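These notes are about the structure you will find just below.
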Amino acid sequence: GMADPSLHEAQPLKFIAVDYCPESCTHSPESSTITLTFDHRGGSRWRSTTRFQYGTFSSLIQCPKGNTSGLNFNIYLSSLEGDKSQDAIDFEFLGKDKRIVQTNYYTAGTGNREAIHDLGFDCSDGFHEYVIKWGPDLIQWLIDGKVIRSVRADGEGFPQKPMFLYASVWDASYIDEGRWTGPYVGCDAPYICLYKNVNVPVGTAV
Ligand SMILES: OC[C@H]1O[C@@H](O[C@@H]2[C@@H](O)[C@H](O[C@H]3[C@H](O)[C@@H](O)[C@H](O[C@H]4[C@H](O)[C@@H](O)[C@@H](O)O[C@@H]4CO)O[C@@H]3CO)O[C@H](CO)[C@H]2O)[C@H](O)[C@@H](O)[C@@H]1O
């Protein structure tokens with residue numbers, strides 16, 4: 001009993017696109033780091049250049065410092081951002097409180113499956129690991145190696161369309177009178193959200 005016998009499959013996300021405002025996204029593939037910045041310019045959004053059909057997705061993430069009230073930073077899967085009938089699976093940080101994270105998923109445009117989780121840490125205090133495990137009848141969310149939520153196919157729809165990996169930072173303060181992410185204060189810009197060692201499924205790109 002010397003070798004670790006534990007079964008251990010993922011590949012680094014090498015190729016990404018930026019959907020708007022590329023000046024507020026940086027990619028350093030040589031250090032496996034992507035950053036997103038929120039400031040006057042209005043944020044940005046990156047994504048994988050390919051869709052995937054199921055698999056495990058992960059990133060180290062360090063959220064922005066300072067007063068992030070109003071902001072939404074995230075990492076998520078979506079069949080197509082902006083599609084009214086999208087399938088999706090979310091990690092969304094709510095800027096009013098950097099010690100929580102919200103999970104959610106969408107089936108043919110329908111969400112309303114929010115859950116709020118206590119992180120046990122400040123998400124801007126160093127890099128932490130966020131994982132989405134997406135299967136045909138089981139979705140799991142992991143944080144620093146621990147499952148924080150599991151949902152199984154319950155007959156009320158399930159994400160099954162091929163999906164892009166996405167990440168953005170945006171001002172969500174207009175949602176629910178600012179009660180969701182807080183009012184936007186925005187006096188600590190640039191708000192820099194960092195993604196490191198983003199990994200995608202080995203063999204499910206479609
Ligand atoms: O131009 C006026 C106004 O524009 C602002 O920038 C907006 C920006 O707010 C918007 O953010 C998207 C974001 O890119 C996207 O990732 C996010 O996706 C959601 C998804 O819709 C949900 O279903 C769920 O899965 O969770 C995801 C992650 O939160 O949705 C937001 C909101 O639509 O993107 C648009 C471009 O498409 C962009 O114009 C800008 O900040 C302001 O300064 C400006 O006034």
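Since every read-out is calculated from the coordinates, none of them should be taken as a lab result. Every residue, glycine among them, receives a Cβ derived from its backbone with ideal geometry; neighbour counts consider all protein chains shown.
Miscellaneous remarks
- For the chain, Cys with no neighbouring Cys Cβ under 4.7 Å: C21, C25, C187, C193
- Each label point was placed 7 Å from the Cα along the Cα-to-Cβ direction; for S28 and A10 their separation is 2.0 nm.
- Karplus-based coupling profile of the range 48-58, in residue order and whole Hz: 4, 7, 10, 8, 10, 10, 6, x, 9, 10, 8, with θ = phi - 60° in 6.51 cos²θ - 1.76 cosθ + 1.60 and x standing for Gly or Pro.
- Part-to-part distance (alpha-carbon centres) for the range 68-93 and the range 152-176, which is given in Å: 5 Å
- Under a model in which nothing but the beta-carbon of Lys, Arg (+1) and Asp, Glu (-1) is charged, the chain shows a dipole of about 220 debye around its Cα centre.
- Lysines with Cα under 25 Å of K98, excluding same-chain neighbours fewer than 8 positions away: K65, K133, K146, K196
- ³J(HN,Hα) computed for each position of the range 162-173 - Karplus, 6.51 cos²θ - 1.76 cosθ + 1.60, integer Hz, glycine/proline x: x, 10, 7, 7, 10, 8, 9, 10, 8, 8, 9, 5
- HN-Hα J in Hz across the range 69-74 - Karplus 6.51, -1.76, 1.60, θ = phi - 60°, x for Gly and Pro: 3, x, 6, 10, 10, 7
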